[PDB]
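What follows is a single structure, written as structure tokens, with notes after it.
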Amino acid sequence: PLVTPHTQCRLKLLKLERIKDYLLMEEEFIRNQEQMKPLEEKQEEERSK
Amino acid sequence: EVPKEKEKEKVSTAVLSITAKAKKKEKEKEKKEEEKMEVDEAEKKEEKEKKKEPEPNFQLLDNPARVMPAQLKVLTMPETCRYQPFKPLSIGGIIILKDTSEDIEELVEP
Amino acid sequence: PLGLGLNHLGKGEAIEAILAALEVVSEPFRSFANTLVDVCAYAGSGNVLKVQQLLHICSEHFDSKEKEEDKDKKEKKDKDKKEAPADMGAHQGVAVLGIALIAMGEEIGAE
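Protein chains in written order, with PDB author numbering: chain B, 50 to 98; chain U, 818 to 927; chain f, 559 to 669.
Below, the structure is given as structure tokens:
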């Protein structure tokens, strides 16, 4: 909640593009999270039955 | 025998932010470093193209000889060899050799 | 390696990474020190392109107990470069590290 120029100024162009940077990276970090998990599980005999 | 070996290995970084001008001025930094100190590396072409075109289509065969029923008509006895067969050799099965001269050898049984 | 980065704290010149990381070109348990003097020169600014190489190279990899210290120390250097853009990235830092870490992670998060 810090968009404090409240007007057409380059700060709010700089502020919001910082926010775009951290959200794209948090997308790409969790995108790599479900990517690079080689697990290929086999369930336990007690749980499967 | 080609089972697989695949790799997930990556998700491509699609950051099209301020990186775009940042990588461009880095390519300017190599235009002072690459072409002004030392660069030479090369490799040769058309070696792998060369061996393909002089190929056979005159494949000799011993006589335990598998033969397709299509290629019964396109096989040819060696006329440069003297030992010629007896039946017109254009159909698969068994034929006998008309052995001409002398000095017969090379019998094989496993 | 910490007093190295303490001897080279706070300059975003990226020569100190060219100094130190090419100096200790070595085996990976000594290349644990690669992330130290890199980002000790990176106390606080907006250099978000460093923050993505602070994530993308050693992100998870599932890593059966070999370099698990390095991803912790790579996360350790994510802690600074966050404590002085004056709360601009501190909200983003608590947004990331609460989510994809402890609520979506392993030895990196829960240790």
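The beta carbon of each residue, even a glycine, is placed where N, CA and C say it ideally should be.
Exposure of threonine 53 of chain B, with buried meaning 16 or more beta-carbon neighbours within 10 Å: Per the 10 Å Cβ criterion, exposed.
Burial state of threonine 593 of chain f, where buried means 16 or more other Cβ atoms lie within 10 Å: Buried.
Under 9 Å from the C-beta of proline 54 of chain B: neighbouring residues of chain f: None at all; the shortest Cβ gap to chain f is about 13 Å.
Collapsed DSSP secondary structure at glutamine 901 of chain U in the structure displayed: In the structure shown, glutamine 901 of chain U sits in a strand (DSSP, three-state: E or B).
As assigned by DSSP and simplified to three states, the class of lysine 915 of chain U: Note: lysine 915 of chain U maps to strand in three-state DSSP.
The region 594-604 of chain f contacting the region 563-579 of chain f, beta-carbon criterion three pairs below 8 Å: A contact exists between the region 594-604 of chain f and the region 563-579 of chain f.
Beta-carbon proximity list for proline 886 of chain U, same chain, < 8 Å, skipping 5 on both sides: Non-local beta-carbon contacts of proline 886 of chain U in its own chain, meaning distances under 8 Å to residues more than five positions away in sequence, involve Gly909 in chain order.
Through-space distance from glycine 647 of chain f to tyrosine 71 of chain B, alpha-carbon basis: Per the coordinates, the alpha-carbon of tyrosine 71 of chain B lies some 8 Å from the alpha-carbon of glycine 647 of chain f.
Sub-9 Å separation of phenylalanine 903 of chain U and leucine 892 of chain U beta-carbons: For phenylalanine 903 of chain U and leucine 892 of chain U, no; Cβs fall outside 9 Å.
Through-space distance from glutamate 77 of chain B to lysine 625 of chain f, alpha-carbon basis: Using only the alpha carbons, I get a separation of about 22 Å.
contact_flag[the region 868-884 of chain U, the region 820-838 of chain U] where n(CB pairs < 8 Å) is 3 or more: Touching, no.
Stretch-stretch touch, CB-based, cutoff 8 Å, three pairs: the region 80-96 of chain B with the region 605-622 of chain f: Here the region 80-96 of chain B makes contact with the region 605-622 of chain f; the two share three or more CB pairs at distances below 8 Å.
Proximal residues of chain B, C-beta to C-beta of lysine 825 of chain U below 7 Å: Contact of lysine 825 of chain U with chain B by beta-carbon distance below 7 Å involves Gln84 and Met85.
Cβ neighbours of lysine 890 of chain U in the same chain (closer than 6 Å, five flanking residues each side left out): Within the same chain, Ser907 come within 6 Å of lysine 890 of chain U by CB-CB distance, once the 5 residues on both sides are set aside.
Span of the alpha helix (DSSP H), counted from its first residue to its last, around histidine 649 of chain f: Taken as a continuous stretch (DSSP letters only), the alpha helix (DSSP H) holding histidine 649 of chain f covers 648-655.
Environment of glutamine 650 of chain f [buried if 16+ CB atoms lie within 10 Å]: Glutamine 650 of chain f sits buried, since 16 or more C-beta atoms from the chains shown fall within 10 Å of its C-beta.
Between the CA atoms of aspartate 628 of chain f and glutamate 664 of chain f - distance to the nearest angstrom: Straight-line measurement puts the Cα of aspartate 628 of chain f at about 13 Å from the Cα of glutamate 664 of chain f.
Endpoints, alpha helix (DSSP H) assigned at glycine 563 of chain f: Residues 560-564.
Secondary structure of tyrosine 600 of chain f, DSSP reduced to three states: Of the three classes helix, strand and coil, the one that applies to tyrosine 600 of chain f here is coil, per DSSP.
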